[PDB]
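**Student:** Let me begin by handing over the structure; questions about it come next.
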There are 2 protein chains.
Amino acid sequence: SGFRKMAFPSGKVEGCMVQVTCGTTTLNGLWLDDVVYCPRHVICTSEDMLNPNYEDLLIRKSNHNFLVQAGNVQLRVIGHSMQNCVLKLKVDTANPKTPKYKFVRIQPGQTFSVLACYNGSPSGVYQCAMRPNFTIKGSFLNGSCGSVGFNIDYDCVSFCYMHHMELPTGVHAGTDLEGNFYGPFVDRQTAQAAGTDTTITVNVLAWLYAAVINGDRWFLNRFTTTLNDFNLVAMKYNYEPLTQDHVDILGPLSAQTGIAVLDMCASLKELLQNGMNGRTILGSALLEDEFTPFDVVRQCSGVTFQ
Amino acid sequence: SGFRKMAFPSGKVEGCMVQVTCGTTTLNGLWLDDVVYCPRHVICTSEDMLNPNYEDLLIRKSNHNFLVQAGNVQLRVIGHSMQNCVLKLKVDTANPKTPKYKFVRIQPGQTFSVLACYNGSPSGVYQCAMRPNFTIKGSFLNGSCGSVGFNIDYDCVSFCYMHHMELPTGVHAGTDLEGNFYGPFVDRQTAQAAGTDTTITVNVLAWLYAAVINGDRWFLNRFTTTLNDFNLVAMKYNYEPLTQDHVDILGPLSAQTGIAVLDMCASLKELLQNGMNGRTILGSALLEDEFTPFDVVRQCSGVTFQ
Ligand SMILES: *[C@H](O)[C@H](C[C@@H]1CCNC1=O)NC(=O)[C@H](CC1CCCCC1)NC(=O)[C@@H](NC(=O)OCc1ccccc1)[C@@H](C)OC(C)(C)C
Ligand SMILES: *[C@H](O)[C@H](C[C@@H]1CCNC1=O)NC(=O)[C@H](CC1CCCCC1)NC(=O)[C@@H](NC(=O)OCc1ccccc1)[C@@H](C)OC(C)(C)C
């Protein structure tokens, strides 16, 4: 028992991280087979950053402008192309550590592990959620661009995030691995703000189930509620609407604990209306929303990865 | 910016995990050079567990009683010895993925990453602290014994924990990698309880510095306090005494933020006496104590690992 903010084991991704230097910019790249993926703003200079035209910028580049360092090994760029906001550097060597992988674009509310890197070297791993406003609340300093987010499914690494930038509230924005930003953000250093965020309701409910699975039951009640009546309460507290498909996803957890989804909804409704009143759930005094239903089932039943 | 509960990259440890089966017990082992380390209770049967004499139990074992599985590769045990509460299985193959490593026994209040494993396969990685009562608040199910905790220092993996057991409050106990339990616990299935825990004061102060480094300043004040006067307040709220050596450790953080340690102590003192009053620090409504001063400096300046 117990319940922790748990990241996937990061070994399969660590074997893909490289350093990419161009001009005065150094950031991280992802080395899969003979291609290195990195943010296209690696080709911007300290004054191109305001309104860059990346097609012009890139056509002025030669392959030898790109310094790719894989550990103590300098990799030779033999070609480059831009796909949306990511640069793809064709290199002459296939990464022998390339895992089985996929590129996926995730939905808001889904979670992933971030492998924070600097100069091609991993610094730390942590769990994130794609917030409803398409930012992530990460931990990223200068040089971290090109760090990736990912999920592991048995043996397959699904990459879903590459880091590009930090917004003024301290939260983070980036793209999928095909270079499409999450959210309305653009890589260009003009004024942008995150947009109002909301709480991921289905995830809060999954975490309340995690709590029950782990012996916290003090927040439960006899009441039930209708989805309609729950969603009126959610709105007022800035929670995502709970859909019927959310309710279905929560089915396994509901069945394992014997608490009907709409009953947990009545519990959450009282937690929103009364607060927690000096009590904690799973070591938190806040309602936690960065565990998906799958996250809860995985950690509470012990799924592993080869 | 941002601040997350950050684990070390787990690749170096994942390459050491193996499955160890003996009788009807399966758990995890740590494969370093030609030795596999695992909990000695792997040799207990479902009724030896009450008052086992492990010397008798082990002398009745033959090497071929130990099934060691390294992926799709069955490893041959050529010898075994017991060291305190860990079994060491000599195997005929050196692990080619053996990292640079050390075995360290940590002090309470120190943090580490746990690589949760089942059947030799990593399930997830998360950050822990050795609690003052020598338990860890982990996430561990049946089959997780033999999972290890560790810190990484540049290129060297310092192993500090191996998982052995779960106590009735849901927290966890285990040993260092030389088999000495943390705390008064013994591997034997008789009544044991954790003992009263306390809050790791120096870590709370480091996290308050993390908050300042990241733009949270609402909890600061003009007051100062004496170490003596602070510790009278700490005691009443079940906090570890803050030593002068703690104050010294907090020096770099103090110098980087311009907030004298004893001034942060005045802030913590008011947080204890008034609570947070609907406000959060670094996304928490609780005072967080599982970041050491080194953890804060590492994450707020971007140290990496080769
Ligand atoms: C790559 O390693 C870094 C990672 C950042 C740095 C600190 N934390 C991080 O995660 N990325 C950057 O430094 C990028 C680089 C530009 C990206 C766009 C195209 C040109 C290169 N810049 C930023 O992340 C800045 N954010 C930003 O410009 O956002 C738009 C904006 C501009 C002006 C006002 C409001 C919003 C960061 C570094 O600037 C602030 C921290 C001041 C927001
Ligand atoms: C190894 O994979 C597991 C890991 C446990 C299982 C669930 N969570 C975990 O982290 N370890 C065990 O199952 C060990 C095995 C024994 C260890 C001692 C020597 C013999 C083998 N057992 C326990 O962890 C039990 N705890 C325990 O016995 O503690 C002492 C005790 C006994 C009786 C009353 C109070 C305290 C667990 C499984 O039992 C409880 C969960 C009921 C505490």
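Counting neighbours? That spans all protein chains shown, and the Cβs are built from the backbone with ideal geometry, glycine included. Computed from the coordinates by the stated procedures, all read-outs in this text should not be read as laboratory data.
**Student:** Spot the failing condition for A:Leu232; the list is (1) touching a residue at least 12 places away in the same chain (Cβ under 8 Å); (2) surrounded by fewer than 18 Cβ atoms within 10 Å (Cβ to Cβ), and only one is missed.
**Tutor:** A:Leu232 satisfies every listed condition except (1).
**Student:** While we're looking at this one, here's another question. Considering (1) crowded, with 20+ Cβ neighbours inside 10 Å; (2) in a strand (DSSP E or B); (3) more than 12 Å from the chain's Cα centre (by Cα), say which one B:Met165 fails and leave the rest.
**Tutor:** (1)
**Student:** Considering only residues of the stretch A:125-152 that are small (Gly, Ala, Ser) and either within 14 Å of ligand 1 (Cβ to nearest atom) or away from every other protein chain (no Cβ under 12 Å) (or both), which is farthest from the chain's Cα centre (by Cα)?
**Tutor:** Step by step, filter the stretch A:125-152, then rank; the result is A:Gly143.
**Student:** Right, next: Before we move on, is A:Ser139 away from ligand 2 (no atom under 16 Å from the Cβ), assigned to a loop (DSSP other than H, G, I, E, B) and not aliphatic (A, V, I, L, M)?
**Tutor:** yes
**Student:** Would you call A:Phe181 surrounded by fewer than 20 Cβ atoms within 10 Å (Cβ to Cβ), within 16 Å of ligand 1 (Cβ to nearest atom) and away from chain B (no Cβ under 14 Å)?
**Tutor:** yes
**Student:** Scan (1) within 16 Å of ligand 1 (Cβ to nearest atom); (2) within 25 Å of the chain's Cα centre (by Cα); (3) crowded, with 18+ Cβ neighbours inside 10 Å for the single condition A:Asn84 breaks and write down its number.
**Tutor:** The one condition A:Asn84 does not meet is (3).
**Student:** Follow-up question, since we're still on this one. Under 6 Å between Cβ atoms, which residue pairs at least 6 apart in sequence (or on different chains) link something in the stretch B:177-197 that is more than 17 Å from B:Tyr37 (Cα to Cα) with a partner that is of a type in the set (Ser, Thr, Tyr) and away from ligand 1 (no atom under 16 Å from the Cβ)?
**Tutor:** Pairs that qualify, where the first residue is more than 17 Å from B:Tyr37 (Cα to Cα) and the partner is of a type in the set (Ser, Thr, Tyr) and away from ligand 1 (no atom under 16 Å from the Cβ), are B:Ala194/B:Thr135; B:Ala194/B:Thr169.
**Student:** Mind checking which residues of the stretch B:268-303 are among the β-branched types (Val, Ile, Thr) and touching a residue at least 40 places away in the same chain (Cβ under 8 Å)?
**Tutor:** Those that are among the β-branched types (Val, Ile, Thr) and touching a residue at least 40 places away in the same chain (Cβ under 8 Å): B:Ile281, B:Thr292, B:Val296, B:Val297.
**Student:** Does any residue of the stretch B:52-63 turn out to be touching a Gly at 6+ places or on another chain (Cβ under 9 Å) and away from chain A (no Cβ under 14 Å)?
**Tutor:** So far as the stretch B:52-63 goes, yes, one or more of its residues are touching a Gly at 6+ places or on another chain (Cβ under 9 Å) and away from chain A (no Cβ under 14 Å).
**Student:** When the stretch B:291-306 is examined, which residues are found to be at the interface with another protein chain (Cβ under 10 Å from one of its Cβ atoms), crowded, with 17+ Cβ neighbours inside 10 Å and assigned to a loop (DSSP other than H, G, I, E, B)?
**Tutor:** Selection gives B:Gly302, B:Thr304, B:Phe305.
**Student:** Can you find even one residue in the stretch A:89-98 that is over 20 Å from A:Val13 (Cβ atoms) and within 16 Å of ligand 1 (Cβ to nearest atom)?
**Tutor:** Looking through the stretch A:89-98, none of the residues is over 20 Å from A:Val13 (Cβ atoms) and within 16 Å of ligand 1 (Cβ to nearest atom).
**Student:** If a residue must be in a helix (DSSP H, G or I) and within 13 Å of chain A (Cβ to nearest Cβ), how many such residues does the stretch B:190-211 contain?
**Tutor:** The number of residues fulfilling the criteria is 2.
Quick grid of which residues meet (1) in a loop (DSSP other than H, G, I, E, B); (2) within 14 Å of another protein chain (Cβ to nearest Cβ); (3) within 28 Å of the chain's Cα centre (by Cα); (4) in contact (Cβ under 8 Å) with a residue 40 or more places away in the chain:
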residue: B:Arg222; (1), (2), (3), (4): yes, no, no, no
residue: B:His246; (1), (2), (3), (4): no, no, yes, yes
residue: B:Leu253; (1), (2), (3), (4): no, no, yes, yes
residue: B:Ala266; (1), (2), (3), (4): no, no, no, yes
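**Student:** Filter the stretch A:55-79 down to the residues that are farther than 20 Å from A:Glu14 by Cα and either of a type in the set (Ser, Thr, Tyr) or crowded, with 19+ Cβ neighbours inside 10 Å (or both) and list them by number.
**Tutor:** Answer for the stretch A:55-79, where residues must be farther than 20 Å from A:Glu14 by Cα and either of a type in the set (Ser, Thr, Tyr) or crowded, with 19+ Cβ neighbours inside 10 Å (or both): A:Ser62, A:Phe66, A:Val77.
**Student:** Here is a further query. Quick check on the stretch A:100-111. Is at least one of its residues part of a loop (DSSP other than H, G, I, E, B) and within 14 Å of chain B (Cβ to nearest Cβ)?
**Tutor:** no
**Student:** Kindly indicate the residue of the stretch A:188-219 that is closer than 22 Å to A:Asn84 by Cβ and within 18 Å of the chain's Cα centre (by Cα) and also surrounded by the most Cβ atoms within 10 Å (Cβ to Cβ) among those meeting that condition.
**Tutor:** A:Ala194
**Student:** With the structure loaded, tell me whether B:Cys160 is assigned to a strand (DSSP E or B), crowded, with 19+ Cβ neighbours inside 10 Å and on the phi < 0 side of the Ramachandran plot or whether it fails that test.
**Tutor:** Answer is yes for this residue.
**Student:** Mind listing just one residue for me: the one in the stretch B:153-164 that is more than 20 Å from A:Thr304 (Cα to Cα) and within 12 Å of chain A (Cβ to nearest Cβ) and, of those, nearest to ligand 1 (Cβ to nearest atom)?
**Tutor:** B:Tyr154
**Student:** Please pick out the residue among A:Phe103, A:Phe134 that is surrounded by fewer than 24 Cβ atoms within 10 Å (Cβ to Cβ), touching a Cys at 6+ places or on another chain (Cβ under 9 Å) and not β-branched (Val, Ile, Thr).
**Tutor:** Testing whether each residue is surrounded by fewer than 24 Cβ atoms within 10 Å (Cβ to Cβ), touching a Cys at 6+ places or on another chain (Cβ under 9 Å) and not β-branched (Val, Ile, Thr) leaves just A:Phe103.
**Student:** Can you name the number of the only condition in (1) touching a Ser or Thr at 6+ places or on another chain (Cβ under 9 Å); (2) away from ligand 1 (no atom under 16 Å from the Cβ); (3) more than 17 Å from A:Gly120 (Cβ to Cβ) that A:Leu50 fails?
**Tutor:** (2)
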